[PDB]
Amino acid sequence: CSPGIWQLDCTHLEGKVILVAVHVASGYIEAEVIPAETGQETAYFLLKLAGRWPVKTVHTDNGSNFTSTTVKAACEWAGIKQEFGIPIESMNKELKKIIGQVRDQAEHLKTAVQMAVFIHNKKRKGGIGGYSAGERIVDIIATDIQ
């Protein structure tokens, strides 16, 4: 597994679009409800992600928002390589599970999505000891920068 590789995909709940990013080596994720499944919204999400982590390569499917000119330009500007494969998902189902679990804890889906991301990244296997995904990513990136 490489420290700079991420997988990106869009999922759906309550007629809303959720953009999900998974740092493949750690299982860490970031997700957000976007107003429309456009290239512009996807490009905006990528720039945000690239600004906080050393993103070297992003794997995505061939959807129009992902193959868009704006996303291509954002990747060029940010120094990110895009990979598409032949024309992660084990995380979209997991995130949807946690979102179901905490859905009644907030009024809007967007808030519940963030609570679910927090829960996912802070969770320890069997809830006792070990590292969380949030701890695995800073450790992998930190040991890599030196």
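Residue indices: 1-based, along the sequence shown.
The segment from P87 to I88 is interrupted, since 4 to 9 residues of the deposited sequence in that interval carry no coordinates.
When the mean C-alpha temperature factors of 10-18 and 128-136 are read from the deposited coordinates, 10-18 comes out higher.
According to the PDB record, 78-86 carries the higher mean C-alpha B-factor of the two stretches 78-86 and 110-118.
The deposited CA B-factor of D61 belongs to the highest third of values across its chain. When the CA B factors of the chain's modelled residues are split into thirds, the value for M91 lands in the highest one. Looking at the C-alpha B-factors along this chain, the one for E41 belongs to the lowest third. Per the PDB record, residue ranking by Cα B-factor puts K48 in the lowest third of the chain.
When the CA B factors of the chain's modelled residues are split into thirds, the value for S26 lands in the middle one.
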